[PDB]
Amino acid sequence: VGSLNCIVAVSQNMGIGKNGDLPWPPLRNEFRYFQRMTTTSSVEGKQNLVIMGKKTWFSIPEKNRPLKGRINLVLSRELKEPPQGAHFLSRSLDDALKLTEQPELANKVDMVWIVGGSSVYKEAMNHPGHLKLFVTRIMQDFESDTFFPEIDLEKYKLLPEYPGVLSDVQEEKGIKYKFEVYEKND
Ligand SMILES: NC(=O)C1=CN([C@@H]2O[C@H](COP(=O)(O)OP(=O)(O)OC[C@H]3O[C@@H](n4cnc5c(N)ncnc54)[C@H](OP(=O)(O)O)[C@@H]3O)[C@@H](O)[C@H]2O)C=CC1
Ligand SMILES: CCc1nc(N)nc(N)c1C#C[C@H](C)c1cc(OC)cc(-c2ccc(C(=O)O)cc2)c1
Ligand SMILES: [Cl-]
C-alpha cells in the first residue's frame with residue numbers, strides 16, 4: 001500500500017459539517033477535485049482506499065454509496081457489520097491501517113485517503129509517520145456544527161505548490177477558496 005493522506009474542505013471558522021451536510025452550497029469543482037484526488041491510483045491494477053467515520057458515511061447520498069472506484073472502509077465501535085454498500089468496517093483508524101497489511105487489502109490497495117470526519121482527522125493527523133494533508137480553505141464563514149482540528153504547524157509544513165494542484169484562488173457560486181497541501185514526517 002502507498003502513502004497515507006487526509007483530504008478535507010474547511011470553512012474560515014474551521015467548519016466541515018452542518019446537520020449532516022456540507023456547511024456551504026455544492027461546489028462542483030471542489031467536489032471534482034475531491035473525486036479525482038481520492039480515486040486516482042498511481043499504480044495500475046490497484047485501487048485507493050478511503051477511510052471515513054460512520055456519520056460521514058451516512059451523510060453521503062445513498063445513491064452514491066459506496067464512493068465509486070474506491071475501496072470504502074467505515075470506522076465504528078458500534079456497528080457489527082459493514083453498512084449496506086460498504087466492504088470494510090474497523091473499530092479505529094489504527095485497526096484500519098493494520099488491516100491494509102492483510103493479503104485481502106495489500107496488493108489490492110494503492111493510496112489511503114482519510115475523508116472525514118472530525119475525530120478521524122484528529123487521529124490521522126497525530127498518527128506517526130509520513131502524512132499529507134490536502135486542505136481546501138473555503139474563504140468565508142459558514143454556520144457549522146462539526147469542525148476540523150487545528151494543524152500543528154510544528155509538525156506540518158505547508159508546500160508552496162504540489163504537482164497537479166493549482167495554487168491560485170478558485171471561485172464557484174460566489175465563494176472563493178484555495179487548495180493547500182501540508183506535509184510531515186512523524
Ligand atoms: N467538508 C469535508 O471535507 C468533510 C465534511 N464532512 C461532514 O462532517 C460531518 C460528519 O463528520 P463527523 O461529524 O466528524 O462524524 P464522523 O464521520 O466522524 O463519524 C462519527 C461517528 O463515526 C464513528 N467514528 C468516528 N471516528 C471514529 C473513530 N476514530 N473510531 C471509531 N469510530 C469512529 C462514531 O460512531 P461509533 O459510536 O459508531 O464509533 C462517531 O460518532 C457531516 O456533516 C459531513 O457532511 C465529512 C467529512 C469531511
Ligand atoms: C467533496 C467534499 C469534500 N471535499 C474535500 N476537499 N474533502 C472531503 N473530504 C470532502 C468530503 C466529503 C464527504 C465524503 C462527503 C460528505 C457529504 O455530505 C453530504 C457528501 C459527499 C458526497 C459524496 C459523493 C457524492 C456523489 O458521488 O454524488 C455526493 C456527495 C461526500
Ligand atoms: Cl473529472
# chains A, B, ... in the order shown; residues from 1 in each chain; ligands from 1
call {"tool": "select_by_dssp", "arguments": {"residues": "range 31-158 of chain A", "states": "helix (DSSP H, G or I)", "output": "PyMOL selection string"}}
result
chain A and resi 31-39+54-59+62-64+93-99+118-126
call {"tool": "write_last_selection", "arguments": {"atoms": "N, CA, C and O atoms", "output": "CSV table (one decimal), in the first residue's frame"}}
result
chain,number,residue,atom,x,y,z
A,31,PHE,N,-15.8,19.4,-5.5
A,31,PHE,CA,-16.2,18.0,-5.5
A,31,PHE,C,-15.4,17.2,-6.5
A,31,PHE,O,-14.9,16.1,-6.2
A,32,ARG,N,-15.2,17.8,-7.7
A,32,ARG,CA,-14.4,17.0,-8.7
A,32,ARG,C,-13.0,16.8,-8.3
A,32,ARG,O,-12.4,15.7,-8.5
A,33,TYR,N,-12.4,17.8,-7.6
A,33,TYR,CA,-11.1,17.7,-7.0
A,33,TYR,C,-11.0,16.6,-6.0
A,33,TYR,O,-10.1,15.8,-6.1
A,34,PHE,N,-12.0,16.6,-5.1
A,34,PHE,CA,-12.1,15.5,-4.1
A,34,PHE,C,-12.2,14.1,-4.8
A,34,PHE,O,-11.4,13.2,-4.5
A,35,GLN,N,-13.0,14.0,-5.8
A,35,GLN,CA,-13.2,12.8,-6.6
A,35,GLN,C,-12.0,12.3,-7.2
A,35,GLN,O,-11.6,11.2,-7.1
A,36,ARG,N,-11.3,13.2,-8.0
A,36,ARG,CA,-10.2,12.8,-8.7
A,36,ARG,C,-9.0,12.5,-7.8
A,36,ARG,O,-8.3,11.5,-8.0
A,37,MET,N,-8.8,13.3,-6.8
A,37,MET,CA,-7.7,13.1,-5.8
A,37,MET,C,-7.8,11.7,-5.1
A,37,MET,O,-6.9,10.9,-5.0
A,38,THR,N,-9.0,11.4,-4.7
A,38,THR,CA,-9.2,10.1,-3.9
A,38,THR,C,-9.3,8.9,-4.7
A,38,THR,O,-8.9,7.8,-4.3
A,39,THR,N,-9.7,9.1,-6.0
A,39,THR,CA,-10.0,8.0,-6.9
A,39,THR,C,-8.7,7.6,-7.7
A,39,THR,O,-8.6,6.4,-8.0
A,54,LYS,N,-18.6,6.8,10.6
A,54,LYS,CA,-20.0,6.5,10.4
A,54,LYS,C,-20.9,7.6,10.0
A,54,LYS,O,-21.7,7.5,9.0
A,55,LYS,N,-20.8,8.8,10.6
A,55,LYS,CA,-21.6,9.9,10.2
A,55,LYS,C,-21.3,10.4,8.8
A,55,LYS,O,-22.1,10.8,8.0
A,56,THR,N,-20.0,10.4,8.5
A,56,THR,CA,-19.6,10.8,7.1
A,56,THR,C,-20.2,9.8,6.1
A,56,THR,O,-20.7,10.2,5.1
A,57,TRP,N,-20.1,8.5,6.5
A,57,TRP,CA,-20.7,7.5,5.6
A,57,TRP,C,-22.2,7.8,5.3
A,57,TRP,O,-22.6,7.8,4.2
A,58,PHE,N,-22.9,8.0,6.4
A,58,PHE,CA,-24.3,8.2,6.2
A,58,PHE,C,-24.8,9.6,5.8
A,58,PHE,O,-25.9,9.8,5.4
A,59,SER,N,-23.8,10.5,5.8
A,59,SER,CA,-24.1,11.9,5.2
A,59,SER,C,-24.0,11.9,3.7
A,59,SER,O,-24.6,12.8,3.0
A,62,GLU,N,-27.5,8.2,-0.5
A,62,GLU,CA,-27.5,6.8,-0.6
A,62,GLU,C,-27.2,6.3,-2.0
A,62,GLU,O,-26.5,5.2,-2.2
A,63,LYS,N,-27.5,7.1,-3.0
A,63,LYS,CA,-27.3,6.7,-4.4
A,63,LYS,C,-25.9,6.8,-4.8
A,63,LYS,O,-25.5,6.2,-5.8
A,64,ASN,N,-25.0,7.4,-3.9
A,64,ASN,CA,-23.6,7.5,-4.3
A,64,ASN,C,-22.7,6.7,-3.3
A,64,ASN,O,-21.5,6.8,-3.4
A,93,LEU,N,-8.9,3.9,13.5
A,93,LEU,CA,-8.1,4.2,12.4
A,93,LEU,C,-6.9,3.2,12.4
A,93,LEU,O,-6.5,2.7,11.4
A,94,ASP,N,-6.3,3.0,13.6
A,94,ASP,CA,-5.2,2.1,13.7
A,94,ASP,C,-5.6,0.6,13.3
A,94,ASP,O,-4.8,0.0,12.6
A,95,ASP,N,-6.7,0.1,13.7
A,95,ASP,CA,-7.1,-1.2,13.2
A,95,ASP,C,-7.2,-1.1,11.7
A,95,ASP,O,-6.8,-2.0,11.0
A,96,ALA,N,-7.8,0.0,11.2
A,96,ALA,CA,-8.0,0.1,9.7
A,96,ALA,C,-6.6,0.1,9.0
A,96,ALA,O,-6.4,-0.7,8.1
A,97,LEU,N,-5.7,0.8,9.5
A,97,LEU,CA,-4.3,0.9,8.9
A,97,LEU,C,-3.7,-0.5,9.0
A,97,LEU,O,-3.1,-1.0,8.0
A,98,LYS,N,-3.8,-1.2,10.1
A,98,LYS,CA,-3.2,-2.6,10.2
A,98,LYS,C,-3.9,-3.5,9.3
A,98,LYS,O,-3.3,-4.5,8.7
A,99,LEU,N,-5.2,-3.3,9.1
A,99,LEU,CA,-5.9,-4.2,8.1
A,99,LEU,C,-5.4,-4.1,6.7
A,99,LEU,O,-5.6,-5.0,5.9
A,118,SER,N,-14.4,14.7,11.8
A,118,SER,CA,-13.5,15.4,12.8
A,118,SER,C,-12.6,14.5,13.6
A,118,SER,O,-11.4,14.8,13.7
A,119,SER,N,-13.2,13.5,14.2
A,119,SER,CA,-12.4,12.6,15.1
A,119,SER,C,-11.4,11.8,14.3
A,119,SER,O,-10.2,11.6,14.7
A,120,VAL,N,-11.8,11.3,13.1
A,120,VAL,CA,-10.9,10.5,12.2
A,120,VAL,C,-9.7,11.4,11.8
A,120,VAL,O,-8.6,11.0,11.7
A,121,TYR,N,-10.0,12.7,11.5
A,121,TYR,CA,-8.9,13.6,11.2
A,121,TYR,C,-7.9,13.8,12.3
A,121,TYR,O,-6.7,13.7,12.1
A,122,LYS,N,-8.4,14.0,13.5
A,122,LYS,CA,-7.6,14.1,14.7
A,122,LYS,C,-6.6,13.0,14.9
A,122,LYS,O,-5.4,13.2,15.0
A,123,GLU,N,-7.2,11.8,14.9
A,123,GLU,CA,-6.4,10.5,14.9
A,123,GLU,C,-5.3,10.5,13.8
A,123,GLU,O,-4.2,10.1,14.1
A,124,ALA,N,-5.8,10.8,12.6
A,124,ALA,CA,-4.9,10.6,11.5
A,124,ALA,C,-3.7,11.6,11.6
A,124,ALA,O,-2.5,11.3,11.5
A,125,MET,N,-4.1,12.9,11.9
A,125,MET,CA,-3.1,14.0,11.9
A,125,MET,C,-2.0,13.7,12.9
A,125,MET,O,-0.8,14.1,12.7
A,126,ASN,N,-2.3,13.0,14.0
A,126,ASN,CA,-1.4,12.7,15.1
A,126,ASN,C,-0.7,11.4,14.9
A,126,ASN,O,0.3,11.0,15.6
call {"tool": "residues_near_ligand", "arguments": {"ligand": "ligand 1", "cutoff": "7 Å", "atoms": "only C-alpha atoms and all ligand atoms", "output": "MDAnalysis selection string"}}
result
chainID A and resid 7:10 16:22 52:57 59 75:79 91:93 115:120 123 146
call {"tool": "write_last_selection", "arguments": {"atoms": "N, CA, C and O atoms", "output": "short mmCIF file (atom, residue, chain, number, x, y, z; two decimals), in the first residue's frame"}}
result
data_model
loop_
_atom_site.label_atom_id
_atom_site.label_comp_id
_atom_site.auth_asym_id
_atom_site.auth_seq_id
_atom_site.Cartn_x
_atom_site.Cartn_y
_atom_site.Cartn_z
N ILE A 7 -7.89 14.34 3.38
CA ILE A 7 -8.41 15.36 2.49
C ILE A 7 -9.67 15.93 3.10
O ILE A 7 -10.52 15.20 3.60
N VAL A 8 -9.77 17.26 3.07
CA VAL A 8 -10.87 17.94 3.72
C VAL A 8 -11.13 19.29 3.06
O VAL A 8 -10.21 19.92 2.53
N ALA A 9 -12.38 19.72 3.10
CA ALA A 9 -12.73 21.08 2.75
C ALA A 9 -13.19 21.81 4.03
O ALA A 9 -14.09 21.32 4.73
N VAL A 10 -12.56 22.95 4.34
CA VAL A 10 -12.81 23.62 5.63
C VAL A 10 -13.20 25.10 5.46
O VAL A 10 -12.58 25.83 4.70
N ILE A 16 -16.71 22.00 8.88
CA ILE A 16 -16.67 20.95 7.88
C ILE A 16 -18.06 20.31 7.73
O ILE A 16 -18.34 19.69 6.72
N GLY A 17 -18.93 20.48 8.72
CA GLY A 17 -20.28 19.96 8.60
C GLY A 17 -21.38 20.79 9.25
O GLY A 17 -21.12 21.69 10.05
N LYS A 18 -22.62 20.48 8.89
CA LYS A 18 -23.80 21.14 9.44
C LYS A 18 -25.03 20.29 9.19
O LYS A 18 -25.39 20.04 8.04
N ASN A 19 -25.66 19.82 10.26
CA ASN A 19 -26.85 18.96 10.16
C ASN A 19 -26.65 17.80 9.20
O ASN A 19 -27.55 17.48 8.41
N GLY A 20 -25.48 17.18 9.25
CA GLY A 20 -25.18 16.08 8.34
C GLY A 20 -25.01 16.49 6.89
O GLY A 20 -25.05 15.64 5.99
N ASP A 21 -24.83 17.78 6.64
CA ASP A 21 -24.50 18.23 5.29
C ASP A 21 -23.30 19.17 5.28
O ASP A 21 -22.81 19.59 6.33
N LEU A 22 -22.82 19.48 4.09
CA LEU A 22 -21.75 20.46 3.98
C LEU A 22 -22.30 21.80 4.41
O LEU A 22 -23.47 22.08 4.18
N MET A 52 -13.52 6.51 6.36
CA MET A 52 -14.41 7.53 6.92
C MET A 52 -15.12 7.06 8.18
O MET A 52 -15.26 5.86 8.41
N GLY A 53 -15.56 8.02 8.99
CA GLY A 53 -16.38 7.72 10.15
C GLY A 53 -17.81 7.42 9.71
O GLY A 53 -18.19 7.72 8.57
N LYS A 54 -18.58 6.83 10.62
CA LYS A 54 -19.98 6.46 10.40
C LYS A 54 -20.88 7.61 9.95
O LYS A 54 -21.69 7.45 9.03
N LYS A 55 -20.76 8.77 10.60
CA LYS A 55 -21.59 9.92 10.23
C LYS A 55 -21.25 10.42 8.82
O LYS A 55 -22.14 10.76 8.04
N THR A 56 -19.96 10.45 8.48
CA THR A 56 -19.57 10.81 7.14
C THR A 56 -20.17 9.82 6.15
O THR A 56 -20.70 10.22 5.11
N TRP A 57 -20.11 8.52 6.47
CA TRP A 57 -20.67 7.53 5.55
C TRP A 57 -22.15 7.78 5.31
O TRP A 57 -22.60 7.80 4.16
N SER A 59 -23.85 10.53 5.77
CA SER A 59 -24.15 11.86 5.22
C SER A 59 -24.05 11.87 3.68
O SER A 59 -24.57 12.77 3.01
N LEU A 75 -15.27 3.42 9.84
CA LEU A 75 -14.88 3.31 11.24
C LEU A 75 -16.06 3.42 12.21
O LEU A 75 -16.80 4.40 12.20
N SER A 76 -16.21 2.42 13.07
CA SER A 76 -17.26 2.45 14.09
C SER A 76 -17.03 1.36 15.15
O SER A 76 -16.59 0.26 14.82
N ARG A 77 -17.30 1.69 16.41
CA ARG A 77 -17.22 0.73 17.51
C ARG A 77 -18.60 0.15 17.83
O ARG A 77 -18.76 -0.67 18.73
N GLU A 78 -19.58 0.56 17.05
CA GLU A 78 -20.97 0.31 17.36
C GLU A 78 -21.58 -0.62 16.32
O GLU A 78 -22.27 -1.57 16.67
N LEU A 79 -21.31 -0.37 15.05
CA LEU A 79 -21.75 -1.30 14.01
C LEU A 79 -21.05 -2.66 14.15
O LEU A 79 -19.89 -2.74 14.57
N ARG A 91 -12.74 -0.86 13.95
CA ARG A 91 -13.07 -0.21 15.21
C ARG A 91 -12.41 1.16 15.29
O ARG A 91 -12.96 2.09 15.86
N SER A 92 -11.21 1.28 14.72
CA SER A 92 -10.47 2.52 14.81
C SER A 92 -9.58 2.73 13.60
O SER A 92 -9.45 1.85 12.74
N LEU A 93 -8.95 3.90 13.55
CA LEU A 93 -8.07 4.23 12.45
C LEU A 93 -6.90 3.25 12.42
O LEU A 93 -6.54 2.72 11.36
N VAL A 115 -11.19 10.70 4.68
CA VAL A 115 -12.13 11.67 4.13
C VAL A 115 -13.14 12.21 5.14
O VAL A 115 -14.11 12.86 4.75
N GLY A 116 -12.93 11.95 6.43
CA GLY A 116 -13.78 12.51 7.48
C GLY A 116 -14.35 11.48 8.45
O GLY A 116 -14.35 10.30 8.15
N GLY A 117 -14.86 11.93 9.59
CA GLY A 117 -14.95 13.33 9.93
C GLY A 117 -13.96 13.78 10.98
O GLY A 117 -12.84 13.26 11.06
N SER A 118 -14.39 14.72 11.81
CA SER A 118 -13.52 15.42 12.77
C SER A 118 -12.60 14.52 13.59
O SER A 118 -11.40 14.78 13.70
N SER A 119 -13.16 13.47 14.18
CA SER A 119 -12.39 12.58 15.05
C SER A 119 -11.36 11.77 14.28
O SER A 119 -10.23 11.58 14.73
N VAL A 120 -11.78 11.29 13.11
CA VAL A 120 -10.89 10.55 12.23
C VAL A 120 -9.71 11.42 11.80
O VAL A 120 -8.58 10.96 11.73
N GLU A 123 -7.17 11.77 14.88
CA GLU A 123 -6.38 10.55 14.95
C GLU A 123 -5.34 10.47 13.85
O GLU A 123 -4.18 10.12 14.10
N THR A 146 -19.81 20.79 13.03
CA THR A 146 -18.59 19.96 13.15
C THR A 146 -17.36 20.71 12.67
O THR A 146 -17.46 21.55 11.76
#
call {"tool": "closest_residue", "arguments": {"among": "A:136, A:29, A:2, A:70", "to": "ligand 3", "atoms": "only C-alpha atoms and all ligand atoms"}}
result
A:29
call {"tool": "closest_residue", "arguments": {"among": "A:174, A:1, A:169, A:163", "to": "residue 106 in chain A", "atoms": "only C-alpha atoms"}}
result
A:1
call {"tool": "residues_around", "arguments": {"residues": "residue 137 in chain A", "least_positions_apart": "3", "cutoff": "9 Å", "atoms": "only C-alpha atoms", "output": "ChimeraX atom specification"}}
result
/A:8-12,14,140,176-180
